[PDB]
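If you want the building blocks of each chain, they are given just below.
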Amino acid sequence: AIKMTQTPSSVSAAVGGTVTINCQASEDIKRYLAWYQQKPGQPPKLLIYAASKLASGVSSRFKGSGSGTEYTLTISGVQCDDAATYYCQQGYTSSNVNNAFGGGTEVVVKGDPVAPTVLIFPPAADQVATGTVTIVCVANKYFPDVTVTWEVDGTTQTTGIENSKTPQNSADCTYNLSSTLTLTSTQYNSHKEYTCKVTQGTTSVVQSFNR
Amino acid sequence: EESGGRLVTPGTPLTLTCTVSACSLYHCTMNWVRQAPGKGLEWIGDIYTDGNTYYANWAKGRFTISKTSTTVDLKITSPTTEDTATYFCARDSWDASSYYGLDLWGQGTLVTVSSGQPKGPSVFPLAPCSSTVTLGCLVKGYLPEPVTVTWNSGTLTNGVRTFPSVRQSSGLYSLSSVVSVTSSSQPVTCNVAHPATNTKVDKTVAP
Amino acid sequence: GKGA
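Rules and cut-offs
Residues numbered from 1 in each chain as written, not as in the entry; some residues may be left out. Chains lettered and ligands numbered in written order. Heavy atoms only, no water. Contact = heavy atoms within 4.5 Å. Buried area = accessible area lost by both parts, 1.4 Å probe. Salt bridge = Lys/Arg side-chain N within 4 Å of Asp/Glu carboxyl O. Polar contact = N/O pair within 3.5 Å; in protein donor to acceptor, adjacent residues only side chain to side chain. Helix = DSSP H or I, 4+ residues; strand = E, 2+ residues; numbered from the N terminus. Nonpolar A, V, L, I, M, F, W, Y, C, P; charged D, E, K, R; others polar. Disulfide = S-S within 2.5 Å. Buried < 20%, exposed > 50% of the residue type's maximum accessible area, 1.4 Å probe, protein only. Domains from an automatic or database assignment.

In the PDB header, X-ray crystallography is given as the technique by which the entry was determined, and 1.9000 Å as its resolution.

Next up, the structure:
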């Protein structure tokens, strides 16, 4: 079985830099190899076909190389628009395949650093009667990544939290983050102070409200 | 009317129709590809212009790919909760030296396999409690994906952020959409549609 | 064949 192996699993590049990511086949696939770019919520887009040829409309900042078992994708002059997950794929055979695609390589693009601001949204009045309450915190337009902490009456929360990050902005590389804390109505009515803390590096910002 | 998602109870076969037309070239295959939450692309199988079908080894016996006129289907023959994934179809081509890649892709379908009933969202307003203000709507506990969210019936698009859906530990889905507006703007309304339950919900939000 |  032809196994497709991509390395590294994740890589970061400054805007204007150059990244090279690798694709290894376990047997000679005779350059029957394609590369794809996928952004969240979209179908994959063909970038490179026949190992080294630019697919229709693809920027010549992308370069595919290789032969036999070893292939590479190189992005030169990286742009925020390149933040994506990249996949290689063998088109040599359909038979006895576990996956035609490699495992993917995540490409994070380092734009200008931007510190977050934070917003907290107390639960609307009609939530509590459902038996659960959902508090929403938003971290606005930031780079690099942040950590979010929820505190209820000063105590850090470790369950009931879901986070959802927008993909890097194709123009400025920044993220946005939704963080939601869900409690039972009994828990919510048993506590007073609800705080969302957003930490970037060693710098924290907070928003808070009292039930 | 295509919603972009499906809810199927375990064991009931699901058939998906590729929006990309069947191969005209002889050396060409139609392919099906899944992407489970947070995971990479997993090739399911392909169909050749001589009628022959191939499946990934894990997929053997779990799917059937067929062609009818110029339309290609995927049948998930006995769905399990592990078949919850986005599904794409994609077409490729090659000659004696060049693989031309999967150049044409269909839009993903958001498939959930679950024994739970279809469920429309509960929509709750999001308001802080000063030249700008950010308001929003929490779209909580629906099944299956997707919902669509517009603001002011689609006339308000600037300053809108709609976050990716998250699947709750309950198995239901939730998301939030927010919009930044001037402090003197008249109230904004969210319009939340869930085609799988034909529910449409409006919420008017103000500071 | 492919690669031929």
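Visitor: Where do I start with the interface of chain B and chain A in this structure?
Guide: By a widespread convention, an interface's size corresponds to the accessible area lost as its parts come together. Chain B puts 47 residues into the contact, and the matching count from chain A is 47 residues. Across the interface of chain B and chain A, roughly 3600 Å² is buried in total on both sides, 61% from carbon and sulfur atoms. Counting every contact that joins chain B to chain A gives 0 salt bridges. Taken together, chain B and chain A are joined by 19 residue pairs in polar contact. Elements with a contribution of two residues or more to the side of chain B that touches chain A: β3 (28-35), β4 (41-47), β5 (53-55), β11 (122-126), β12 (132-142), β15 (166-167) and β16 (173-182) of chain B. With 4 residues, the top contributor of residues to the side of chain B that touches chain A is β4 of chain B. Its residues placed into classes, the side of chain B that touches chain A shows 26 nonpolar, 13 polar and 8 charged.

Visitor: How should the state of the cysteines be read in this particular structure?
Guide: Here a disulfide denotes a covalent bond joining the sulfur atom of one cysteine to the sulfur atom of another. Counted under the stated rule, the structure contains 5 disulfides over all chains. Note on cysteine connectivity: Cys80 of chain A is disulfide-linked to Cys173 of chain A, with sulfurs 2.0 Å apart. Because the sign of the S-S torsion sets the handedness, a value of about -100° for the bond joining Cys80 of chain A and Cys173 of chain A places this disulfide among the left-handed ones. With a gap of 93 residues between them, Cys80 of chain A in the loop between β8 (70-76) and β9 (84-90) and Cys173 of chain A in the loop between β15 (161-165) and β16 (175-184) connect regions that are remote in the sequence. On the basis of relative accessibility, which here comes to 8%, the residue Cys80 of chain A falls in the buried class. Note that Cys23 of chain B is cross-linked by a disulfide to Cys28 of chain B, the S-S spacing being 2.0 Å. Every disulfide takes its handedness from the sign of the S-S torsion; for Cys23 of chain B and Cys28 of chain B that torsion is -75°, giving left-handed. In this structure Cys28 of chain B comes out as buried when scored by relative accessible area, which is 2%. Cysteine pairing in chain B follows 1-4, 2-3, where each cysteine in a disulfide is numbered by its order in the sequence. Taken in N- to C-terminal order, the disulfide-linked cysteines of chain A are connected 1-3, 2-5, 4-6. Residue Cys129 of chain B stays outside any disulfide, its sulfur separated by 16 Å from that of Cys137 of chain A, the closest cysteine.

Visitor: Is there a simple way to explain the domain arrangement of chain B in this structure?
Guide: All names here are of chain B. Its domain assignment divides chain B into domain 1 (1-115) and domain 2 (116-207). Using only C-alpha atoms to locate each centre, domain 1 and domain 2 end up separated by 32 Å. When domain 1 packs against domain 2, close to 780 Å² is buried across both sides, 60% of that on carbon and sulfur atoms. The interface formed by domain 1 and domain 2 contains 0 salt bridges. Joining domain 1 to domain 2, the criterion identifies 2 residue pairs in polar contact. Residue assignment for the side of domain 1 that touches domain 2 shows that the elements contributing at least two residues are β1 (5-8) and β10 (109-113). Among the elements that make up the side of domain 1 that touches domain 2, the one with the highest residue count is β1 (3 residues). Class assignment for the residues of the side of domain 1 that touches domain 2 results in 2 nonpolar, 7 polar and 1 charged.

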